[PDB]
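Trainee: Shown below is the structure under consideration.
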Amino acid sequence: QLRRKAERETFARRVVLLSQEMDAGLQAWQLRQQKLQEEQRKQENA
Amino acid sequence: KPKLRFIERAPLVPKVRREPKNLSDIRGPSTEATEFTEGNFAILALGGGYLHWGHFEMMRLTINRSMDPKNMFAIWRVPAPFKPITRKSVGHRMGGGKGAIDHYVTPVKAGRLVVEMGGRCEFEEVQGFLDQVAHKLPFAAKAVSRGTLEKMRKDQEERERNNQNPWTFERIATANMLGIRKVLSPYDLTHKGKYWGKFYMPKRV
Amino acid sequence: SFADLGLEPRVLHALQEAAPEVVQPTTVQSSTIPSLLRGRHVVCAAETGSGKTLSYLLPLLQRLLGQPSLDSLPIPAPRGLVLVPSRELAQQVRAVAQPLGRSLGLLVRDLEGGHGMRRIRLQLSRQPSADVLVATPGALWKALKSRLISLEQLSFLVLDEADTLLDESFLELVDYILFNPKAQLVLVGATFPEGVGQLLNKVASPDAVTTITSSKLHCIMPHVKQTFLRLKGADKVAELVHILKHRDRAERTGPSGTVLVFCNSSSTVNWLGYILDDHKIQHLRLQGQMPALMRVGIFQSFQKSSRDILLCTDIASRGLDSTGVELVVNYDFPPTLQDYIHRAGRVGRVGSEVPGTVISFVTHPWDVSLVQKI
Amino acid sequence: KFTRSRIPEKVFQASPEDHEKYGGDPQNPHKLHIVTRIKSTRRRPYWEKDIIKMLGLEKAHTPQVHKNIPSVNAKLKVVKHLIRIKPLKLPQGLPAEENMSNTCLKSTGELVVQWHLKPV
RNA sequence: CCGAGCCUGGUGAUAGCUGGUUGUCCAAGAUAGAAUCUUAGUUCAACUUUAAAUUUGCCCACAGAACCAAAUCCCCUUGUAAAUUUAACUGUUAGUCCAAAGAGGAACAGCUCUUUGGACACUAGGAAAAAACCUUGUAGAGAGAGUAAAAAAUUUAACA
Ligand SMILES: [Mg+2]
Ligand SMILES: [Mg+2]
Ligand SMILES: [Mg+2]
Ligand SMILES: [Mg+2]
Ligand SMILES: [Mg+2]
Ligand SMILES: [Mg+2]
Ligand SMILES: [Mg+2]
Ligand SMILES: [Mg+2]
């Protein structure tokens, strides 16, 4: 029973870490797109 | 000339260099000489192989034996024996390559038309002679008129379009579904599960 | 075929003159000719006398057609060069080149040691400059040291008997000859021993290799029958005399009995030739110790097939393209299996069509060659 | 010549009839996928054998899971013929540290918020 | 026992030839080439495996890789864990079979001979029996349970 508990905690920790990774990846992709758009907008001056 | 020309055993110009007998020249359904060519009836090759001057001469003898030159003309569409198949010395040490050439034979794949017949004659009267020739033929064949080949093609198209299977040979094979790629042939994407080696399975819908 | 190479009307007419011995390019010739016409520096190992010289020359003629005549100014060196290891091979190459260049504009010349340097360094030989020049390494090195020739004007180099040109006696003179490095280099041979090929890698940069026939030990020609000598050496020459008696049958039928004898040593060749001439055999001997004029006369006679029996030293093992070669006796088996195969390919040099007979004597040092015979 | 062989992109091209036949939608994809072995590690590519090793599939007929990234997608599709995947859903929220213990996997896709001891 | 008497010493003679070579328990660990009076053996050759010293590998994505088909190589990320020099010994190299690719011979053969991929000389269940086909891999006990591969199908000649 403790073994099953430990395996369950393992699967939960893995799922949580993967979820945080996916969320941060989406946030980073949006931030990179926003930075690219801002640089493209600021590269058309002077 | 409403008669079948004689096929020589070898051409006047010979083949100086030795060459191999590749099964791939008879493997697969042939595209050239597949339909009727100035003919209303012929024999479609239902299989692959090589026909020599012996099979061609037997066919010519069986044709000229029973034909009416004023009503039925026959022209052999296949070429003369040209591919050199050799044989080594009898009682020679095993292995060690190839000797001189033995005999010539022209290879024909599946679907080739052999002898085009035409004139004032239908395929129904010559059906018996064509069936005797086909049973005596080197490879498997089928005596088909101009409309019989079209009827067979329409039947095959109907069988293909009326399929009810939840899984098809291409549907698992071209997908490489369940590891049949551990046994699937590299050329298997071409026959679509219809040509297996030297036998030709047109009956598979 | 040959028309796939885009031959010139002079080249096409010369190829038609080569019929019925040339009706289409050979498969090895097909592999060699247009890649050389693509200008790629390469080396080709194939059958001796298989038209490989013609395959190299046709692309060389096409490349020389794209070259200006302004580089052909006086005092300079040629742009098209060929190398041979023997004066006889160089003479045969020059004779073959002079037939094709009769209908062309390329000037063909030959250079070798032991000959008249006044004619070699003549005003219409060295100073007027030629398009095609086949040269021995010694005469070329002497000319370059004496400033009778140059090396910056070359544009297309051919190395015939390149494996023989890779000899330890022959490598140093070739390296001394090695010079604009951007010229198109083509090497021709029968086979490539590995320890010399990396030597080519000393002066190579992304080259190409064209190999013919079996990639294994292509020891046995399918058109050549071979035998193993199951007898001691003591009567073997007598057995060779018996073979000469068998060659007597070959002398009877008119089926040509041109016999080429392989002898390892020039003095041994001289002793065997004195024995054979004593034995009432029409034998002529060529060796590296023979006089240059005597060797030239003997080579002309063999080209005319005047002497049905001819002995050859280590100078004359490979590269031979002799018409009517029907009898080949390794009186001495070659010390190299490559040398034995090259002597074998020297006979029947018309191609896979002209047949011939091969008999090789077996001695004790050649006992280990019996495994090579396997 | 057996090899890791090319397969068409149409194998990963879904259909609206397929998305109805499956339980999937074109929008809002799965957040994490699950995998299992139901085929032998034997009798496939050794490259694919180490691929299943990379998948953490040294057990078999046992559950495992990963984040279904496009790289993970290609890795799974490399060994797809031997393996099975599942839409490793979670209708409730993700497991907080307060609820760190009581979790499980119901094979239709459920991740349990609290697998208590009494029925409904 | 005469094809060269017998015996003792020399003689533990010599051939690379066969065979047999003794109790236990943990860690790792199976097929590439070249020489050789040589294929019944050995040596250069690779792999290992270990001991020490030094930080990225395997799976890949773009570009790229030639003139006379499958493809393959160099190859950012992804997931996952080991990789480079210095050393010691042994040990394989005479592998079998199967799917693909060629060469020979009858396009006979448990025939030959080179490239790719497996397993195989090593467990268990099933195909009737099972070196090779399918599943399955790796440690013990329980008198639970789920599951995998899993027993062949089949018949006809009517006609205006
Ligand atoms: Mg080396
Ligand atoms: Mg080898
Ligand atoms: Mg004793
Ligand atoms: Mg002893
Ligand atoms: Mg022994
Ligand atoms: Mg030796
Ligand atoms: Mg020796
Ligand atoms: Mg030995």
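Trainee: Any idea how far apart D:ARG6 and C:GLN123 come out in nm if each label point goes 7 Å out from Cα toward Cβ?
Mentor: 6.9
Trainee: So if I place +1 on the C-beta of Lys and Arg and -1 on the C-beta of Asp and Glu, and nothing else carries charge, what would the dipole magnitude of chain B be about its Cα centre? I want it in debye, nearest 20. Let's see the in-between values first.
Mentor: Details: 37 positive and 21 negative charges, 192 e Å.
It works out to roughly 920 debye.
Trainee: While we're here: Where in the stretch C:212-289 are there trypsin sites (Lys or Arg not before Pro) that are in a DSSP coil and have at most 10 other Cβ atoms within 10 angstrom of their Cβ? It would help to have the intermediate numbers written out before the result.
Mentor: Working: sites: C:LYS216, C:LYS225, C:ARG230, C:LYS232, C:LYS236, C:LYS245, C:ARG247, C:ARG249, C:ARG252, C:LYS280, C:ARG285; in loops: C:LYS216, C:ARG230, C:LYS232, C:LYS280.
Loop-located and lightly packed - C:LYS216, C:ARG230, C:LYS280.
Trainee: Let me ask something else about it. If you rank B:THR34, D:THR103 by fewest surrounding Cβ atoms within 10 Å, what's the result? If you can, show how the numbers build up before the last one.
Mentor: On the way: B:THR34 16, D:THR103 20.
With the sparsest Cβ surroundings first, the list reads B:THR34, D:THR103.
Trainee: Arranged by the count of other C-beta atoms within 10 angstrom, fewest first, what order do C:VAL328, B:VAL16, D:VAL72 take? Intermediate results must be reported in sequence, preceding the final value.
Mentor: Values: C:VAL328 24, B:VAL16 11, D:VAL72 16.
Lowest count first: B:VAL16, D:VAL72, C:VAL328.
Trainee: Relative to the compact globular guide of 2.2 N^0.38 Å, what is the alpha carbon radius of gyration of the stretch C:179-259, as a ratio? It would help to have the intermediate numbers written out before the result.
Mentor: Numbers: Rg = 21.3 Å, N = 81, 2.2 N^0.38 = 11.7 Å.
Relative to the 2.2 N^0.38 Å estimate, the stretch C:179-259 comes out at 1.82.
Trainee: Tell me the net charge near C:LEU140. Cut-off is 12 Å between Cβ atoms, C:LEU140 excluded, with +1 for each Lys or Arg and -1 for each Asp or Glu. Present the calculation step by step, with values, prior to reporting the outcome.
Mentor: On the way: positive: C:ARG109, C:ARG121, C:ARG126, C:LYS142, C:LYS145; negative: C:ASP110, C:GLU112.
That sum, taken over residues with Cβ under 12 Å, equals +3.
Trainee: Could you rank the peptides B:2-12, C:160-170 by their average count of other C-beta atoms within 10 Å per residue, with the highest value first? It would help to have the intermediate numbers written out before the result.
Mentor: Numbers: B:2-12: 14.1, C:160-170: 18.9.
For the peptides B:2-12, C:160-170, the packing ranking is C:160-170, B:2-12.
Trainee: Binned at 10 Å from 0, what are the whole-percent values of the Cα-Cα distance distribution for the stretch B:1-137, short to long?
Mentor: Each 10 Å bin holds this share of Cα pairs: 11, 37, 31, 14, 5, 1.
Trainee: Go through the stretch C:48-62 residue by residue and turn each phi into a ³J(HN,Hα) via Karplus (6.51, -1.76, 1.60, θ = phi - 60°); whole Hz please, and just put x for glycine and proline.
Mentor: Going residue by residue, I get 6, x, 8, x, 5, 5, 5, 5, 5, 6, 4, x, 5, 5, 5 Hz, with x marking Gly and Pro.
Trainee: Quick one: the Cα spread of chain D along its three principal axes, in angstroms, biggest first?
Mentor: 58, 35, 23
Trainee: Please compute, over every Cα-Cα pair in chain C, the percentage with a separation greater than 37 angstrom. Kindly include the intermediate steps, with their values, before the conclusion.
Mentor: Numbers: 13977 of 69751 pairs.
That fraction is 20 percent.
Trainee: Beyond a 19 Å Cα-Cα separation, which of these cross-linked pairs lie in this structure: C:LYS232/C:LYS373; B:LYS88/C:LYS225; B:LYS70/B:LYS151; B:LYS15/B:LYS88; B:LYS3/B:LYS70? Could you put the intermediate results ahead of the total?
Mentor: On the way: C:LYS232/C:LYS373 17 Å; B:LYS88/C:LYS225 15 Å; B:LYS70/B:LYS151 29 Å; B:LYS15/B:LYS88 16 Å; B:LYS3/B:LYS70 10 Å.
Long pairs (Cα-Cα over 19 Å): B:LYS70/B:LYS151.
Trainee: Can you give the average number of partner chain beta-carbon atoms within 10 Å of each beta-carbon in peptide B:177-184, as a whole number? Display every interim value, and only then the final one.
Mentor: On the way: counts 4, 4, 9, 1, 8, 5, 1, 2.
The shielding value for this peptide is 4.
Trainee: Quick check on packing: order D:104-115, C:330-341 by the mean number of other C-beta atoms within 10 Å, highest mean leading. List each step's numbers first, then the result.
Mentor: Details: D:104-115: 14.0, C:330-341: 20.0.
Top to bottom by mean Cβ count within 10 Å: C:330-341, D:104-115.
Trainee: Using the count of nearby Cβ atoms within 10 Å as a rough guide to exposure, how do C:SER50, C:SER322 rank from fewest to most?
Mentor: Working: C:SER50 23, C:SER322 20.
In increasing order of surrounding Cβ atoms, one gets C:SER322, C:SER50.
Trainee: Related question: Going toward the positive end of the dipole of chain B, with +1 on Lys and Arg Cβ and -1 on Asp and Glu Cβ, which of B:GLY99, B:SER30, B:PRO2 do you reach last?
Mentor: Positive-most Cα among the choices belongs to B:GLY99.
Trainee: Could I ask something else about it? What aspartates and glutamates could a cross-link reach from B:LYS136, if we take a straight Cα to Cα line under 15 Å and drop same-chain neighbours fewer than 8 places away?
Mentor: B:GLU57
Trainee: Still on this structure, please answer the following. Within a Cβ distance under 15 Å of B:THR168, other residues only, what is the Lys/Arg minus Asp/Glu net charge? Working shown, then result.
Mentor: Details: positive: B:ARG159, B:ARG161, B:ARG171, B:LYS192, B:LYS194, B:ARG204, D:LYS10; negative: B:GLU160, B:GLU170, B:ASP188.
Charge balance in the 15 Å sphere: +4.
Trainee: Okay, moving on. For the pairs B:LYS182/D:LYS86; A:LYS5/D:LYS67; B:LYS154/B:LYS203, flag any whose C-alpha to C-alpha distance is greater than 18 Å.
Mentor: Details: B:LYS182/D:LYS86 25 Å; A:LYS5/D:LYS67 22 Å; B:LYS154/B:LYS203 13 Å.
Exceeds cut-off: B:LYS182/D:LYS86; A:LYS5/D:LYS67.
Trainee: Could you please report the charge total around C:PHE302, scoring K, R as +1 and D, E as -1 over all other residues with beta-carbon less than 14 angstrom from its beta-carbon?
Mentor: Numbers: positive: C:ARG87, C:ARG285, C:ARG295, C:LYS304, C:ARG307, C:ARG346, C:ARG349; negative: C:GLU88, C:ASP308, C:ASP321, C:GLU326.
Around C:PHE302, the surrounding residues sum to +3.
Trainee: Further question on the same structure: Select from C:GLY116, C:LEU166, C:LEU154 the residue farthest towards the positive end of the dipole of the stretch C:54-175; place +1 on Cβ of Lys and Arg, -1 on Cβ of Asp and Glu, and compute about the Cα centre.
Mentor: C:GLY116
Trainee: Across the residues of D:95-106, average count of Cβ atoms on other protein chains within 10 Å? Write down the numbers at each step before the final one.
Mentor: Numbers: counts 8, 2, 3, 0, 1, 5, 4, 3, 6, 4, 3, 0.
Averaged over the peptide's residues, the number is 3.
Trainee: Moving on to the next point. What per residue convex hull volume, in Å³, do the alpha-carbon atoms of the protein assembly as shown yield?
Mentor: Working: hull volume 252.3 nm³, N = 745.
Dividing the Cα hull volume of the protein assembly as shown by its residues yields 339 Å³.
Trainee: Using a Förster distance of 60 Å, how high is the FRET efficiency between C:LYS225 and A:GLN1, based on the Cβ-Cβ distance and rounded to 0.05?
Mentor: 0.10
Trainee: A further question on this structure: Against the globular-protein guess of 2.2 N^0.38 Å, express the Cα radius of gyration of the stretch B:98-199 as a ratio, rounded to two decimals. Display every interim value, and only then the final one.
Mentor: Values: Rg = 19.2 Å, N = 102, 2.2 N^0.38 = 12.8 Å.
Computed over Cα atoms of the stretch B:98-199, the ratio equals 1.51.
Trainee: If you filter the stretch B:104-175 for trypsin sites (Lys or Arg not before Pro), then keep DSSP loop positions with at most 16 other Cβ within 10 Å, what is left?
Mentor: Numbers: sites: B:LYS109, B:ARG112, B:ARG120, B:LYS136, B:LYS142, B:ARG146, B:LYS151, B:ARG153, B:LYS154, B:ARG159, B:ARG161, B:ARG171; in loops: B:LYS109, B:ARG112, B:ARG120, B:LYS136.
Answer in residue order: B:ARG120, B:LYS136.
Trainee: Here's something else I'd like to know. When Cβ neighbours within 10 Å are restricted to other protein chains, what is their mean count per residue of peptide A:13-23?
Mentor: Details: counts 3, 5, 13, 5, 1, 9, 6, 1, 2, 5, 1.
Mean shielding count: 5.
No value in this document is a laboratory result; all are computed from the given coordinates. A quick note on method: Cβ atoms are made from the backbone with ideal geometry, for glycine too, and the neighbour counts reach across all protein chains shown.
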